[PDB]
Every structure is written in structure tokens, then in C-alpha cells.
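So the structure is just underneath, and the comments pick up after that.
Chain nomenclature is as follows: A, B, C and D, assigned in order of appearance, with residue numbering initiated at 1 for each chain independently.
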Amino acid sequence: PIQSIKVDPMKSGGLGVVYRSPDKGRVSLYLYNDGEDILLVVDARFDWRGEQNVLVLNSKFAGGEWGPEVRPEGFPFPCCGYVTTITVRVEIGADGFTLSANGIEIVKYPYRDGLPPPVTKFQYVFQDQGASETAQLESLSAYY
Amino acid sequence: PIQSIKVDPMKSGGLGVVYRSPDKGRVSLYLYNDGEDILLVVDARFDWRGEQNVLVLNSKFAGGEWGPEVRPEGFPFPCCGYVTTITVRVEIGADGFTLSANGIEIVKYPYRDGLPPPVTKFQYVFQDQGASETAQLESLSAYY
Amino acid sequence: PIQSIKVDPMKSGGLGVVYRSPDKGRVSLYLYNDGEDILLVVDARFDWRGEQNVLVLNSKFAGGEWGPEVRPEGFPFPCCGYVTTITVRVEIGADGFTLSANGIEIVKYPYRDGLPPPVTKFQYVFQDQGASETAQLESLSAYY
Amino acid sequence: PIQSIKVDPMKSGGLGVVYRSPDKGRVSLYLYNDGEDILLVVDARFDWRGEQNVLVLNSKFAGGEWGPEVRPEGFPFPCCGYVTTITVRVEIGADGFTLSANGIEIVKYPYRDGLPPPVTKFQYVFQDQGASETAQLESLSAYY
């Protein structure tokens, strides 16, 4: 339900996950530095806490407040309680991350204050919410 | 909006397509014999004539009449008016076709009476209906 | 050992093939137009009539003779009579063809004159010369 | 020229890398446990210490010594000092390691005594030897 790859500090390239989505719950992908700061989470909510089919990006110093939430449109949530294979890319640009889902670009997210790369750890987290079709991690990938 | 590939009478293997879904309209795929009987239409309705997000499968003799509709669930329609890249795979067994979309099998469909293989033609067709983002075809593939 | 995909006249995009190579014999690819002109042959000669691991491109009007042969370095022939899976890609540019194998560019081949696009037939041919491990076709693709 | 991904204790699935091959030198792939044993090394020697196109598999206790060298045939070494893109796959199976390159399985390797999984680190080490075309890493991936 939780799996991660720990990389040599990364200032370039990108990161990919592929997983089978759930009908209920949420899938989180965290980018961490060494000091355990959250440089970025892409938080994909299918059914999480009274929210359905919403995507959230944010950031956070270790033990400190989340910034302003970014709520982009375009994320391939499936209709009607359906599950599919999701493929995501987070490319580490000079000025921000770029988030792609299934080969279509979703958003450019400029680095938050004092939260630039390097990235050292890229984590996958599925949190259930009485889901009948649970999520399945398929692959994790570092790009060079 | 209409494009197709023609094969050596194919009794085995499978067939694939990759396309950017529209937000309104419908995307259909047609597998023909040489006399142009429709051995199978995998028909994807994004917004068609009152129906939203429904998949219809059927067959038909060249200018005869459509058989029963099968409407299976699990096809990767996106929520909220969103578009994604979709991938379809129709596999050619001994006894029927198999449908995979985005890595996941959707239905096994036995051949209808007097409509067995081979396939000689495989055809992508997109039919608009005031789409704000129209479908874009990306590839067509035959597998051996 | 021979397979093809016919398309509606194609003036852009690319065509793609995957095969498992042989240790003897040649595997060759043909881009025909409606008039049955060879707009391009891409001829991988593993061991064939006294030539080992040589790639030859050419064109040749339906009937007429061949023109200048072309033999570029780069083609991923395996050592020591081993075989492997191989992926080739031919793109239809504005003034020429770009040929790629295994995501690496092999040659820009400028269109021979009076012999430009459209392309309506792409075709794999395996011709054997006593191979122990024999070629095998895996896919043929049209790109839009 | 040296990049790793560290993982949880991994006991099934696989691990793939993708590189553009060098013309001279070697590309080694190490699978370490947490006690820094080499559970398996996969050593593509393109031109290294007077040996041309040789694959050595082996294992080794941390600061102990090597084992008997396995040397399988069939590694997709390019002829003639040409470089190409190699994909490799190492599966962590029940009774052993299954090696694969370009979708074609190359050999099995039973876990050596006192040298079984979990894996915790997968490492890519390019070590040059006056190469013309230098190896370039493309991706590292974990498989679940």
C-alpha cells in the first residue's frame, strides 16, 4: 500500500509511477528532499472525505504548514465507479515540476519558496476509504 | 476523422488503437470481412444522442441488421468533461474477440453466428456533436 | 514470412515495425504507393548472398531499375550469431524519410524525385538463407 | 556514470534498466542486499581488459571473494562497434533470478548459497576504457 524509491539527489530528469486506480480512497505521490521536506505531493482523490474526483498539489517543510492548494483540471478520473491503469510523470524543470498523466500535460507547478530540488525520495501512498476495488502499484521509475 | 488499415486475412493475433478522446461525440471501431460485414463494432459514446459515457458492442451483415447490443461496464471514460489518451486492444481468439483498454480486459465477445474471422479491415471513425475538444487519432497497429 | 498494412494515402506521420531478428537471411521493409512504386526499401541483411550485417536503402519505380544504393552505419545487428527483438521506425517528413531503430536515428533519406509521398502500403518480407534462429514478425503500425 | 535506486526489502517482481550502450568498456548492474552483499552482478563487457562482448554473472559476500563465473550466450551485443539502446530485465523469482534483455529471456541463475533475496539496491555502473561513444543511462525501474 506504501512503496518508494530513494535516488541520488536529482536536479533534472523526472519520475514515473504506474498503478491501477481504485473506486474509492486516494493515491498520493510525494517528492522528498533529505531533510524530509515535501517539495510536492500530487494528491489524487477518487472518494476522499466528501470529495470525489479532485486533484490537489501542495508543499510543506518537515513539521510546518501546507501552502495554498492548487486544484487543476484534466486529471483522467474515470466515471461511474470505474477503475483503470493510470500512468503519471513528474518532470523536474528549472523553475518547477511538470505533471503529466497518460501522455497529456496537466500542470506546471513553480517550486514553492525555499522548497526547490534536489529530490532524493519519491513515494507512493494509497489510502483506502471503504473501496471495493483496491489500488495496485505496478511500477516505479527514475528518469535520466 | 476517419482512418483505417487493411491486413492479410487475419485469423490470429490482435489489433490496437491509441487516440485522444473527445468531450462530446462518439468514437467507433469497425472490424470487417472482405464482403464488408461488420464482424464487430466497439463503439465509444462520449456524448451521443442523449447517452453519455456508454460502450456498445455489436455485429451485422453487410446491410443486414444489427444483432443484440452488449453494453459492458469498465470502459475508461473520464469524469467532468475531461479528455485523456486511451489505448484499445482487440484480440482474435479461436472462439471470440477479447477487449482490453488501458492494460485491462473489458469483455470477451464470442463471434456471432456466420460472422467468424478473418478480419481484413480495421477502422477508426469519430463522429462529432459540438465537441469543445475533438478526438485525435494517434496510432493503429496490427499484431502477430 | 510476408505481411502488410494498407492505409489511406499518407503524407505525414510515420510507420513502425517490431520483429525478432534472424541469424541468417535478410529482413526487408517496403513502402509502396498506390501505383506500386517502391518509395523505399529498408533491407537488413543479417547473412544473405555473401553479405553479413549490411543495411541497404533504395527506391525503384514499378518495373524500372534501382538507383544509388545507401549503406549507413548504425544498424543494431547483434554479434556472434545471436538474435534479439528489434524496433524500427520510418517517419514521413516534408522533403525526406527519417529512419530510426531502437529509438536512435539511423539516416535522413531525402525523397527520390518523381517518387514522393503518399504511402499506401508498408510491408515486411523475411527471406531465408538456412537460418537456425528464424525471423518473426511482432507488429506493424501506422502513426498519425 | 553511476546511479542507483534503493528499495524496500524486495522479494518478487523485477528491476529494469535502459541505457544507450557504449562502444568500449563495461556496464555492470549490481543487486545488493542491506548487508551490502552482491547477490548478483550482471556484467556486460563490451571491450574490457582484453575481452570482447562477454556477459559475466556472479555473486560475492561483502569483502569475501567471488564465485564461479557464469557466461551465457545471447546478449544483444551490437556488431562492429555500433551503439544502440538496450533494455534489460532482472526478475526476482521463487527459486532464482531470471535474466532478460529486449523482451527475450537470456538465462536463469539460481540464488547462490547464503546469498538469497531481499534486494534493497540496484545499481548502474558504467566504467569506461577509452570508449568513443560513452554509455548514457536512461531509466531505472522497480516492478511489483
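Here is the rule we use: a residue touches a chain if its C-beta (ideal position, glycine included) is under 8 Å from a C-beta of that chain, and two chains touch if they have at least 3 such contacts.
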| note | A correct list of chains touching both subunit B and subunit D reads A, C
| If you fit subunit A onto subunit D using the CA atoms, what's the rotation angle, as a multiple of 5 degrees? | 180
| query | Which of these pairs, A-D, B-C or C-D, matches A-B in more than half of the residue pairs in contact? | reply | C-D
| query | Taking each chain's centre as the mean of its CA atoms, how far is subunit B from subunit C in angstrom? | reply | 30
| query | Where the centres are mean C-alpha positions, what is the separation of subunit A from subunit C, in Å? | reply | 41
| task | Determine the centre-to-centre distance between subunit C and subunit D, using the mean Cα coordinates as centres, and give it in whole Å. | result | 32
| Junction residues of subunit D - those touching two or more other chains | none
| request: Name the shape of the chain contact graph, picking from line, ring, star, complete and other. | output: ring
| request: Spell out all pairs of chains that touch, sorted by label. | output: A-B, A-D, B-C, C-D
| field | Contacting residues of subunit C [partner subunit D, same complex] | value | 20, 53, 73-80, 82-85, 101-104
| Taking the complex as given, what residues does subunit A use to touch subunit D? | 3-8, 136-144
